[PDB]
Each structure stands twice: as structure tokens, then as C-alpha cells.
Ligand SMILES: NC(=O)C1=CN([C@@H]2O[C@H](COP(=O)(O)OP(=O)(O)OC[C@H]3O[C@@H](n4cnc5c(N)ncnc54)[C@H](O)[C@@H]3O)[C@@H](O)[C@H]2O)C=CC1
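Shown below, as C-alpha cells, is a lone chain in the form solved without the named molecule; questions about how it binds or moves come after it.
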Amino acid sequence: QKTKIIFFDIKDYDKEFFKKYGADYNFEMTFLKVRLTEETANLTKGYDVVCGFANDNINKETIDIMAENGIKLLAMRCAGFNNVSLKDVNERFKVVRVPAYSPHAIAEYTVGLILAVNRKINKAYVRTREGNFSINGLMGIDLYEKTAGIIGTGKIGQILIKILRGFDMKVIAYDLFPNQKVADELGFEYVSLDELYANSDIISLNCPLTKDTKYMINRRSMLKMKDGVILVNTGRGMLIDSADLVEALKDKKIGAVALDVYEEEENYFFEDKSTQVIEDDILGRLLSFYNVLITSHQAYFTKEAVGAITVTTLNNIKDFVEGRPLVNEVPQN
């Protein structure tokens, strides 16, 4: 009678959110701790809907077993789907995701990254954990009255800008669709890229990836920046030409950099590669610089974000069962 959903890779918090928000939905929900892989795909027997996540390995064999079991929808409770062999589904079931949003989580994370690399909080941690309370080399800069250059004045950039204005930073910004009323309200100034590069003590990337923003941060543009600039990217990996970023670090143009995204993150992120070789030379090199901080696309990861993802997942499933268009469908080609 009720729609039967099997969930994989569930943590206590996921379970509580699905039971809490799903109370209104008329689904019958079973929560498993294991990931969805070919070892576990036969547990989908008897279910109508499978809910998956970023650690699953949803390959051909997994897909085949779920289709044979008559699964009709695979709902990913995340924005990525690189772990799904889309080409093998063949419309045997639909696939849906949850697009990234959570703009406060991400703007807040960005400021946490700026401060962590500016003030060396990660490095201090590793020292004190080992009983080393020396602070030599950990000096940073005050943000007060420095200039933040914000690339992108969407919803994430606006939240970011309002926080940095709270630090009494001076804020300049670049966007192809500037909004002068928001600039008046938050107290920042729109400028060209050239002006932003020349004048900014810290630079954050908060703009979408298009042909024109692809590798916008590269050798040429970093030459225009101030020596010692702090760069942060929680937007998209491909906004930065990573190889050039390595040279600018070496030349000392870039004072520090924090990356929550990476141009070839698909091969690395969300996975523990701590016991295997990292084949990407540029990533392996970035990980050895004292002033590089990398994190694995975690800017979103707050309980509020997770709760909204949970809601979107339940709405995804309801829309499917009611035959509505799937706005979060992942197309199979």
C-alpha cells in the first residue's frame, strides 16, 4: 500500500530527520547503515524507492540488481552523482538528486576558512596536540580595514559580504549582474576584475562556473594580485587553474589559500585515500604547502543543510509517486 523506501548509509541524525519530517508523508521507511554497493544491492528486494548517498558505489552490477528487483526511483540525498553509472540504468528507474544550496552554511564556512589560513589555526592544532605550544611562525593579519574582493554577488556572496562588513573590512565586488541597491544596503562597491585583483587583501570566489570563469584565476590574473593575498574558493574547482596556483604559491604571490573545491575533486573527495597513492601531481603538491588548506566539499555540511536535504529528498519521492515532473532529475543521456 504505502510507498516503500530503503535508505543506505544512514547516520543517526539522518534517521531522526527522515522520521521527523516524513511523519507527514505516508511512506514506509527502512534505514540501513551499510552503503549501497554490489555487496548490498540485493537488500533492495521488495522496495519501491532507494535512497542513496555520496559513498555509495552504484555501478552496473548494482543497477542491474536494483532494476531486477523492480526499484522505480533512486534518490540521491546529495548534489553529486559521479558514483552512479548512469549509462547502465537505461530508464529502468529514475534518478534524482538534491541541488546544493545552504547559503549560510557555505558563506560561514568561507569565513572560517579565511580565518583558519590567515591565523594558522589548523597548524596550531597539530602543534598543541603534540605538546608544542610554540607560536613561532603563526602570525596572521588583522582583517579590520583591509579590503575583501568578492567575486560573485549572489545569495552566498551577499551573506559573505555582510559578515565581512561586520569585521569593518572594506568590500569590493565583481559580478556580471550587479545590483546597486544591494551594494548600497550592504555598503560595498562594484569594480572590475582588474581593480579587484589590484586592490584586495583577501579574495573569495563565489560565482558560477561558465566559459568565462573557467580558470579565471590563473597565472595572468594572479600576477595582478597583491603579494601575500589570501585566496578562498568554496565555489567550483575549475575557477582556478590549479597548476598556476602551485607556481604562484612558490613565487610567493599567494600568501595563503583555502580550497573547499578542486578541479578534479571527482577522483578524491568524500573518499579516504589515506592508504593509497594520489596520482594527481598537482593535488599531491598542493597538500605539502604550509599555507594551503584543503577540505572535501564540506562548506555545506551543517545540520540545517542536512535537514533541508532531507526535506527535498522526501519531496523528490512524493513528486515521483504523484507523477509530477522531477525538477531534480539526473538525466541518463
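A residue's number is simply how far along the shown sequence it sits, counting from 1.
The same protein also exists as the form deposited with the named molecule bound; that form is not shown, yet it is the one meant from here on.
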| property | result |
| --- | --- |
| Partner contact for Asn206 in the deposited complex: the named molecule, 4.5 angstroms, heavy atom | yes |
| Contact flag, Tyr300 vs the named molecule in the deposited complex, heavy atom cut 4.5 Å | yes |
| Distance check, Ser200 to the named molecule in the deposited complex, heavy atom within 4.5 Å | no |
| Proximity of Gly149 to the named molecule in the deposited complex, heavy atoms at 4.5 Å | no |
| Heavy atom contact within 4.5 Å of the named molecule in the deposited complex, the stretch among 160-168, 223-231, 87-95, 208-216 | 208-216 |
| Position in contact with the named molecule when the complex is considered in the deposited complex, options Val257, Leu74, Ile106, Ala248, heavy atoms within 4.5 Å | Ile106 |
| 4.5 Å heavy atom contact with the named molecule in the deposited complex for all of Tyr101, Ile156 and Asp175 | yes |
| Sequence-ordered residues of 226-243 touching the named molecule in the deposited complex, heavy atom within 4.5 Å | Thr234, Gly235, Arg236 |
| Same-part call for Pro103 and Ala256, two rigid parts between the shown form and the other one | yes |
| Direction of Cα pair change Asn82-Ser204 in the deposited complex, magnitude 3 angstroms or more | closer |
| Cα separation of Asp272 and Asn82 in the deposited complex versus here, shift of 3 Å or more | farther |
